[PDB]
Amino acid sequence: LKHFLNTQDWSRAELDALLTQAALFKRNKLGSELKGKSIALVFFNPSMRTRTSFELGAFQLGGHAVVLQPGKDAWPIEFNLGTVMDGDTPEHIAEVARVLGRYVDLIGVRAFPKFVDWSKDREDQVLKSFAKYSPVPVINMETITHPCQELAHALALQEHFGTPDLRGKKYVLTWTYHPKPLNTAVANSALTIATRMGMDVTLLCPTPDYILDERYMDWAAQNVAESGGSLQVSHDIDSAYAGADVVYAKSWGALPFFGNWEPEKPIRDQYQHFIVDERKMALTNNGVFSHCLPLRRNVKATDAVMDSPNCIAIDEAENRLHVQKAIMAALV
């Protein structure tokens, strides 16, 4: 059974088919690719865009989405095997996945890491559990990667440059400030999709500590090697933004500090200047700027940049809807 866990599991031709079909849905939003069909959207963390775009996407295609929130309405779910379940979890993912399998045609899941031990978070236990026990296709709605955002971001870029071939473009994935440490998911996904598109990627971040998990650095290299692009890690703002075509900001907690965020506080606080403002954007090749959102103004990016005509954040958010309808349609 084919799932949509990461874009890395898909061939360039399959992904390309997805984007084109997404572009097709954007011109003809109503359809019947999901008539009488339904999808279970399971959320273990908040969401505005993902929840809304999927719920609407399923409706516009003749289907119906059932939104579940383990712990708020549905029963909390246990993921570990061979365990005496006398704790806070009343049922196991093995049952939950098989049960949903008899009701819905697709299962979407959102589960951010717990931030206590990256060794445990990097395993993607939730997504992998669903994909293992579910008799129906599973869709990643963001765990430690955000593949749906990738395709929304990618489509938005091609649309901006009026071409599907983004090779030779200078892509800058910059870390940005935030009072607290966040998920690396969106970053791992951006690095993955930008290198898969074959762009000249620079991972701008404060210190080596902030470099993404090796897994994605490796996926990125394999992508560069295959698409003819390039990868590069920079700790210098100006040399990074210089002549950039795209600038994607996202804040995240330094991996080496999982479970020990105390000393991480004083470190991130001394890099607030990483904020994406006009100065840095002026150094770009009239480049574009985006963010997966939700975005904090005057923290991650200044008001002037968000309101700038060069900001394609709203278009990227919109394509989430089209891109996901292409995925669901392709999975049923």
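One rule holds for the numbers: they count along the sequence shown, beginning at 1.
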| property | result |
| --- | --- |
| Residue stretch of maximal mean CA temperature factor, 287-295 vs 39-47 | 287-295 |
| Average Cα temperature factor in the PDB entry - higher stretch of 305-313, 319-327 | 305-313 |
| Out of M141, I93, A242, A131, highest CA B-factor residue | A242 |
| Member of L56, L34, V66, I267 with the greatest C-alpha B factor (per the PDB record) | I267 |
| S119 CA temperature factor, ranked by third within the chain | middle |
| Chain-relative CA temperature factor third for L231 | highest |
| Third assignment of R102 from its chain's C-alpha B-factors | lowest |
| Third of chain Cα B-factors occupied by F112 | lowest |
| Ranked against its chain, the third holding the CA B-factor of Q125 | middle |
